[PDB]
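Take a look at the structure below.
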Amino acid sequence: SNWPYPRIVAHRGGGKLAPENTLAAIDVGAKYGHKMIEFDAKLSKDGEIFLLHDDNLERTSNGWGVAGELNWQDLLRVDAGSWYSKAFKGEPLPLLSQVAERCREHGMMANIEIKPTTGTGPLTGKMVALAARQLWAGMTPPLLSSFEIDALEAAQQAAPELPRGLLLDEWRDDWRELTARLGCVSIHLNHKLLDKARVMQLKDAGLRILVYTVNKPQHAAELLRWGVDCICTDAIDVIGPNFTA
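The opening position of the sequence shown corresponds to residue 253 in our numbering, with each subsequent residue numbered one higher.
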């Protein structure tokens with residue numbers, strides 16, 4: 253299967269240089285020349301698609317409790333920036349429609365990680381998949397990702413054409429049968445789980461491979477030499493869009 257995605261991917265928009273999953277972070281990503289961003293998507297209670305990694309608002313904002321349990325008109329009141337620096341005072345939870353727009357303006361590719369509120373995978377998978385289809389018309393198709401077989405299955409029905417990747421934070425002996433059934437172009441793995449061998453056999457099974465979250469250049473280089481296709485990094489200043497081994 254064909255593969256337009258860059259070697260390097262900016263984790264949550266701006267890596268650790270800016271407040272994650274934010275419009276401003278995606279800007280920071282473009283300021284270091286990055287060609288592709290990864291970011292985490294969910295549903296509000298009323299079904300707007302916006303970005304937030306966690307189930308709960310606390311870690312990356314001045315809000316509290318389960319984001320998915322609030323209506324968009326209320327998520328609009330949240331500051332998802334000043335937790336990071338005094339400079340990001342404005343910073344709102346961004347809609348997916350807005351992120352698609354930044355991508356177009358900065359000429360960036362997108363890895364949308366479907367990151368549903370616990371219990372909402374199927375609904376979240378379907379909705380994100382159809383919204384991705386609409387908003388990325390005329391553009392590099394976005395790479396849909398998830399830890400939930402839940403959400404990947406729903407994306408496989410709602411938008412078959414959109415390519416898909418399986419996120420694993422831990423190794424699974426059945427990765428071959430699972431990726432095959434899901435119809436994945438890619439497998440997205442925590443970097444600790446790799447070595448020359450697994451890279452080799454993942455490749456032989458026909459899969460593209462992305463890794464996260466790799467910050468040290470020597471280990472980025474190594475992974476690229478083994479055969480990995482994307483390094484998802486937090487250190488967007490040091491790794492950098494034209495990195496090579």
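The C-beta atom is built at its ideal place from N, Cα and C for all residues, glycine as well.
Out of the options, which has the shortest C-alpha to C-alpha gap to residue i?
i, options, result
"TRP255", "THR485, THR496, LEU476, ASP481", "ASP481"
"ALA270", "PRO368, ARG329, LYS283, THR372", "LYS283"
"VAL490", "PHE291, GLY359, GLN470, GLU474", "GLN470"
"residue 249", "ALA497, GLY492, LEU434, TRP478", "An answer regarding residue 249 cannot be provided, because it is not within the stretch 253 to 497 covered by the chain."
"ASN363", "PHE340, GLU343, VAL451, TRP388", "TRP388"
"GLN386", "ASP447, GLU413, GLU429", "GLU413"
"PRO393", "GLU400, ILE401, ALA383", "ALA383"
"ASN314", "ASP292, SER337, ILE301, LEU348", "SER337"
"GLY285", "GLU357, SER334, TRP335, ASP292", "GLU357"
In chain order, what residues of the same chain have a beta carbon less than 6 Å from the beta carbon of residue i, not counting five sequence neighbours either side?
i, result
"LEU327", "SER296, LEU345"
Quick one: residues in its chain with C-beta nearer than 8 Å to the C-beta of residue i, no 5 flanking neighbours on either side, listed in chain order?
i, result
"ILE439", "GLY417, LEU418, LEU420, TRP427, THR431, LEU454, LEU459, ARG460, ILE461, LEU462"
"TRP316", "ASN308, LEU309, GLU310"
"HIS443", "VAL463, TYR464, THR465, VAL466, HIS471, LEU475"
"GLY299", "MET379"
For residue i, count neighbouring Cβ atoms within 10 angstroms of its own Cβ and tell me buried if that reaches 16, exposed if not.
i, result
"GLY265", "buried"
"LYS294", "buried"
"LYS367", "buried"
"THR274", "buried"
"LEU445", "exposed"
"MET452", "exposed"
Give every residue of the same chain whose Cβ lies closer than 7 Å to the Cβ of residue i, excluding the five residues on either side of it in the sequence, and list them in chain order.
i, result
"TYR257", "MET288, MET361, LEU395, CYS482"
"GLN325", "none"
"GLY267", "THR485, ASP486, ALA487, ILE488"
"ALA277", "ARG264, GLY265, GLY266, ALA270, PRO271"
"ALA457", "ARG428"
Name, in chain order, the residues that DSSP records as bridge partners for residue i.
i, result
"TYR464", "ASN442"
"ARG416", "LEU396"
"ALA262", "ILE289, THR485"
**Prompt:** In chain order, which alpha helix (DSSP H) runs of at least 4 residues are fully inside the region 291-367?
**Reply:** 324-327, 348-357
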